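Novice: One rule links them: number in the entry's author numbering = place in the sequence shown (from 1) + 446.
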Amino acid sequence: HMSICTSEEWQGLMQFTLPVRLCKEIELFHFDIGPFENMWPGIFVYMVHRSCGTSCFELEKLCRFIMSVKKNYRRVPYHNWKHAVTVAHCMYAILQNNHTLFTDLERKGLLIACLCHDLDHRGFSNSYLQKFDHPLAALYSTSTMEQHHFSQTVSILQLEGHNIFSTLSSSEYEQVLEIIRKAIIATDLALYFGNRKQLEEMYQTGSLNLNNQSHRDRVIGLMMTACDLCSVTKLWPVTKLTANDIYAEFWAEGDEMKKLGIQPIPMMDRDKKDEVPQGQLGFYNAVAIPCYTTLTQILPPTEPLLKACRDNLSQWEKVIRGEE
Ligand SMILES: Cc1cc(C)n2nc(CCNc3ccc4ccccc4n3)nc2n1
Ligand SMILES: [Mg+2]
Ligand SMILES: [Zn+2]
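#1: Under the criterion of a Cβ to heavy atom distance below 6 Å, does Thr633 qualify as lining ligand 2?
#2: DSSP state of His567, grouped into three classes?
#3: Using a Cβ-Cβ cut-off of 7 Å (strictly less than) and excluding sequence neighbours within five positions of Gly607, which residues of its own chain qualify?
#4: Can you tell me whether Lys577 is buried or exposed? The criterion is at least 16 other CB atoms within 10 Å of its CB, across all chains shown.
#5: Between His595 and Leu565, which are expected to be in contact by the criterion C-beta below 8 Å, what is the C-beta distance as a whole number of angstroms?
#6: Once the 5 residues before and after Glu770 are set aside, which same chain residues still bring their CB inside 8 Å of it?
#7: Where does the unbroken alpha helix (DSSP H) through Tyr619 begin, and where does it stop?
#8: Are the beta-carbon atoms belonging to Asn572 and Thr549 less than 7 Å from one another?
#9: So, with DSSP's three-state summary, where would you put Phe475?
#10: So, using beta-carbon positions, are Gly555 and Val622 closer together than 7 Å?
#11: Are the stretch 528-539 and the stretch 668-681 in contact at 8 Å, needing three or more beta carbon pairs?
#12: Using the rule of at least 16 other Cβ atoms within 10 Å of the residue's Cβ for burial, across every protein chain shown, is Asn690 buried or exposed?
#13: If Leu557 sits next to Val515, beta carbons under 8 Å apart, how far is it from one beta carbon to the other, in whole angstroms?
#14: Is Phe729 near ligand 1, going by C-beta to nearest heavy atom under 6 Å?
#15: Should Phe462 and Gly488 be called a contact, given that it needs their Cβ atoms to be closer than 7 Å?
#16: Per the contact definition of three or more C-beta pairs closer than 8 Å, is the stretch 693-707 in contact with the stretch 715-733?
#17: Is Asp566 near ligand 2 - that is, is its Cβ less than 6 Å away from at least one heavy atom of it?
#18: Which of the three DSSP states, helix, strand or coil, is assigned to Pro747?
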């Protein structure tokens with residue numbers, strides 16, 4: 447019930463090299479993968495090799511994993527392969543700019559987890575699957591999609607020739623999987639608020655301690671959210687464009703509601719388009735700014751994320767006031 451890549455797909459991958467000019471641009475937090483679809487899987491291998499070294503995974507098994515993950519992202523407007531790699535890229539930048547804070551094991555786990563974090567997304571919110579009344583909400587009743595995504599990741603690992611973690615001890619194997627699980631569950635935005643609040647406090651009292659595993663988990667979680675949302679840290683044109691993609695998905699789920707005489711919340715209602723700038727302002731102020739603010743406090747090198755989010759914010763203020 448999992449989808450595998452073909453020999454063609456994965457071998458083509460092994461042969462790919464990254465054009466010299468992108469090398470510098472990839473290191474930047476605002477880098478946009480948009481213009482480079484062909485390369486996306488190659489871009490991930492590259493980021494892997496630069497994070498954890500060229501012989502951290504067997505190249506054959508790695509390329510097979512990457513290409514089978516691709517094949518399990520659906521052709522929805524926003525929760526797709528492209529989102530998969532963007533989040534992956536942002537975590538690379540974060541890992542690279544904080545290199546000694548994390549273990550080899552965390553850097554492998556987190557890059558993989560980002561790639562896999564929305565696997566087999568159908569373009570439906572957790573609310574929609576539960577609130578009416580899909581087979582997966584009968585199976586997991588909190589964080590529905592995210593438990594599914596992790597379970598997909600594990601199913602891809604368990605496929606013939608795909609287990610990129612096979613050469614770890616079973617202690618190390620069972621540790622990274624646990625890193626990956628927490629990482630993917632942390633992408634459930636509903637968990638983020640409680641998590642960000644804890645962290646905020648712990649930082650404030652000066653009681654945050656990266657040697658304490660439960661603290662560690664919390665920081666990673668925040669990192670996960672900050673990567674999940676990084677669309678808002680691109681340059682305006684890109685950000686604007688991506689907003690269209692996320693709204694296209696919302697509105698389609700709103701269209702499905704309307705089809706059962708149920709009015710969707712305004713966020714999901716394409717007849718409520720002109721409230722979008724306002725809604726974006728809201729989101730930046732209630733969700734994104736606080737995310738990047740706290741992330742910067744804990745990991746100062748991540749400041750450029752906060753800096754760009756601030757710029758997009760002021761772009762949205764400008765759309766509202768009638769000047770874009
Ligand atoms: C890149 C990215 C990733 C995520 C998860 N979100 N979630 C949002 C919520 C928008 N909020 C709202 C809230 C209320 C609204 C009301 C009307 C129109 C739009 C509205 N919009 N915007 C995102 N952008
Ligand atoms: Mg998700
Ligand atoms: Zn996501």
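We put the beta carbon where it would ideally sit given N, CA and C, even for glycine.
Specialist: Reading from the atomic positions:
#1: By one-based count along the sequence shown, residue 633 stands at place 187. Result yes, Cβ under 6 Å from ligand 2.
#2: In the sequence shown, residue 567 corresponds to position 121, counting from 1. Looking at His567 - three-state DSSP - the assignment turns out to be coil, as it is neither helix nor strand.
#3: For the purposes of this step, residue 607 is identified with residue 161 of the sequence shown, where counting begins at 1. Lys507 and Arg510, listed in sequence order.
#4: On the sequence shown, residue 577 is found 131 positions in, with the first residue counted as 1. The residue is exposed, with fewer than 16 neighbouring Cβ atoms inside 10 Å.
#5: As a position in the sequence shown, residue 595 is number 149, starting the count at 1. As a position in the sequence shown, residue 565 is number 119, starting the count at 1. Contact flag correct, Cβ pair sits at about 5 Å.
#6: The sequence position of residue 770 within the sequence shown is 324, counting from 1. Around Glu770: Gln761 and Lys764.
#7: To locate residue 619, count along the sequence shown from 1; it is residue 173. Taken as a continuous stretch (DSSP letters only), the alpha helix (DSSP H) holding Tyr619 covers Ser616 to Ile631.
#8: For this step, residue 572 is matched to residue 126 along the sequence shown. For this step, residue 549 is matched to residue 103 along the sequence shown. Cβ distance not < 7 Å, so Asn572 and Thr549 don't count as in contact.
#9: As a working mapping, residue 475 is identified with position 29 in the sequence shown. DSSP places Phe475 in coil when its eight states are reduced to three.
#10: Taking the first residue of the sequence shown as position 1, residue 555 is located at position 109. Taking the first residue of the sequence shown as position 1, residue 622 is located at position 176. Yes. Within cutoff.
#11: yes
#12: Here residue 690 refers to the residue found at position 244 of the sequence shown. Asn690 comes out exposed.
#13: Translated into the one-based positions of the sequence shown, residue 557 becomes position 111. Translated into the one-based positions of the sequence shown, residue 515 becomes position 69. With 8 Å as the limit, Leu557 and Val515 do not qualify as a contact, their Cβ atoms being about 12 Å apart.
#14: The residue you call residue 729 lines up with position 283 of the sequence shown. Answer for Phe729: yes, Cβ within range of ligand 1.
#15: What you label residue 462 is simply residue 16 of the sequence shown in a count that begins at 1. What you label residue 488 is simply residue 42 of the sequence shown in a count that begins at 1. Yes, the Cβ-Cβ distance between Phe462 and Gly488 is below 7 Å.
#16: yes
#17: Indexing the sequence shown from 1 puts residue 566 at position 120. Every heavy atom of ligand 2 is 6 Å or more from the Cβ of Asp566, so no.
#18: In the sequence shown, residue 747 corresponds to position 301, counting from 1. In this structure, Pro747 counts as helix in the three-state DSSP scheme.
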